[PDB]
Amino acid sequence: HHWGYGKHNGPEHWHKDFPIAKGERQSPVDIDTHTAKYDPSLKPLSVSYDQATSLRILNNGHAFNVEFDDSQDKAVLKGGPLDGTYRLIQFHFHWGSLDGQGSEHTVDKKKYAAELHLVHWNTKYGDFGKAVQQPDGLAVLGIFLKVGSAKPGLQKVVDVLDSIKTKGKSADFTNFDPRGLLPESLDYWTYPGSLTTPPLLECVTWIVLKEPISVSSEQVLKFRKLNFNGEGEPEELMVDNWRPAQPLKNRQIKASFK
Ligand SMILES: CCCCCNC(=O)c1ccc(S(N)(=O)=O)cc1
Ligand SMILES: [Zn+2]
């Protein structure tokens, strides 16, 4: 209303309605693997998704969100750089028109085909709307996708996309296990940043996994058949819904691994 990813409403325009777009702790950023310092004081992440309760999948005109029941402490993220308990509320992806672009974070300027964002809020703030107003209010676990072998645990998501083609469509999406989207290693980089879509709030501890997951060309092709537009409107394929890397400014990216 009315930001997006086109020439006329894309990331270069966002600052006019969201001046924080040019702030001191914007996301995503380039992760320079030769400058990120190993921090032996960081903990192992704790990803506790055994009791995750998925509910619904929604095309919101910018991406699709798989939404979770976050009414109590079911699926949580703890440890690593975090203090306290962060509840999973939704996940979504950003992806490209072609395999050579699509991720938001980059690694030594490398763009991956896509990036998964598992979004969690700090339960010391009571609700999500209060958490986004706090510098430590969110933790977003970011996972790179490369194209290769299919990811079996992604197939249930790609199979429902046909039913939520256009903006505002949703579908029942219960009993989905987000553990099937994780890579084997939980080695990560961490830095303080922001939501990567308007309102671009500076409320996120970013935790970006080093190990990408592999998805097949057919899987990511099915992402690219979604529409940014509503039913009956001229078709605009949902592709290139990523914000480019933003200035690092006065921030250090820390590595969990040597
Ligand atoms: C209550 C404020 C409404 C904000 C609506 N926006 C989000 O809840 C949001 C979540 C995650 C990300 S991301 N791409 O950085 O993971 C971006 C935006
Ligand atoms: Zn995102």
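The deposited coordinates derive from X-ray crystallography, with the record listing a resolution of 1.6500 Å.

Can you walk me through the overall build of the protein chain in this structure?
Along its length, the protein chain carries four helices and 15 strands. Taking 258 residues into account, the globule formula puts the C-alpha radius of gyration at 18 Å, and the protein chain, at 17 Å, falls close to it. Principal-axis analysis of the C-alpha atoms places the extent of the protein chain at approximately 55 × 40 × 40 Å. In the protein chain, the share of contacts with a sequence separation of at least 24, taken over all contacts with a separation of at least 6, comes to 71%.

Quick question: what am I supposed to make of the site of ligand 1 here?
Taken together, 13 residues are adjacent to ligand 1, and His92, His94, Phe128, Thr196 and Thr197 come closest. Within the side chain of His94, an N or O atom sits 3.4 Å from a nitrogen atom of ligand 1. Between ligand 1 and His117 there is a distance of 3.4 Å, counted from a nitrogen atom to a side-chain nitrogen or oxygen. Considered on its own, ligand 1 offers 470 Å² of accessible surface; in the complex 76% of this is hidden by protein. Contributions of two or more residues to the shell around ligand 1 are made by strand 7 (86–95) and strand 9 (114–122).

I keep staring at the coordination of the zinc ion (ligand 2) and nothing clicks. Help me out?
Geometrically, a metal with four donors at the corners of a regular tetrahedron has ideal angles of 109.5 degrees, and one with six donors at the corners of a regular octahedron has ideal angles of 90 or 180 degrees. Surrounding the zinc ion (ligand 2) are the protein donor atoms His92 (NE2), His94 (NE2) and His117 (ND1), which sit 2.0 to 2.1 Å from the metal. One way to put it: the four donor atoms around the zinc ion (ligand 2) meet at angles of 94 to 117°, and that makes the site tetrahedral. Summarised as a motif, the one-chain spacing of the donors to the zinc ion (ligand 2) is H-x1-H-x22-H. Here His117 lies in strand 9 and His94 lies in strand 7, a separation of 23 residues in the sequence. The same class applies to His94 as to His117, namely buried.

What is the right way to read the UniProt feature "binding site: substrate" in the protein chain from this model?
The sites that carry the UniProt feature "binding site: substrate" are, in the present numbering, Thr196 and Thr197. Assignment of secondary structure puts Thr196 in the loop between strand 12 (188–193) and strand 13 (204–209). Take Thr196: its relative accessible area is 6%, and that puts it in the buried class. When neighbours within four sequence positions are excluded, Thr196 is seen to be in contact with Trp14, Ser27, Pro28, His94, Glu104, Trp206 and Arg243.

Is there a simple way to explain the UniProt feature "domain: Alpha-carbonic anhydrase" in the protein chain in this structure?
Mapped onto the present numbering, the UniProt feature "domain: Alpha-carbonic anhydrase" falls at residues 1–257. Along residues 1–257 the backbone is 8% helical and 29% strand, and the end-to-end C-alpha distance reaches 41 Å.

Even after reading the chapter, I still don't get the pattern of salt bridges, so can you show me in this structure?
Think of it this way: side chains of opposite charge can pair up when their charged atoms draw near. Inspection of the entire model under this criterion finds nine salt bridges. Taking the shortest distance from any N to any O, the salt bridge between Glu24 and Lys249 comes out at 3.8 Å. Here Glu24 is found in the loop between helix 1 (14–17) and strand 1 (30–31), whereas its partner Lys249 is found in the loop between helix 4 (217–223) and strand 15 (254–255), with 225 residues between them in sequence. Its relative accessible area of 54% is what places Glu24 among the exposed residues. Of the charged contacts in the structure, one is a salt bridge between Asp177 and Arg179, with a shortest N-O distance of 3.0 Å. With relative accessibility at 32%, the residue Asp177 sits in the partly exposed group.

Calculation notes
Residues numbered from 1 in each chain as written, not as in the entry; some residues may be left out. Chains lettered and ligands numbered in written order. Heavy atoms only, no water. Residues with missing side-chain atoms left out of burial classes, pairs and counts. Helix = DSSP H or I, 4+ residues; strand = E, 2+ residues; numbered from the N terminus. Rg over C-alpha atoms; globule rule 2.2 N^0.38 Å. Contact = heavy atoms within 4.5 Å. Near = heavy atom within 4 Å. Polar contact = N/O pair within 3.5 Å; in protein donor to acceptor, adjacent residues only side chain to side chain. Areas by Shrake-Rupley, 256 points an atom, 1.4 Å probe, with all protein chains shown as cover. Donors = N, O, S within 2.8 Å, 3.2 Å for Na, K, Ca; no water. Tetrahedral: all angles 85-135°; square planar, octahedral: opposite > 155°, others 65-115°. Buried < 20%, exposed > 50% of the residue type's maximum accessible area, 1.4 Å probe, protein only. UniProt positions renumbered as here; feature names shortened; annotations may be inferred. Salt bridge = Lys/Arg side-chain N within 4 Å of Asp/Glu carboxyl O.

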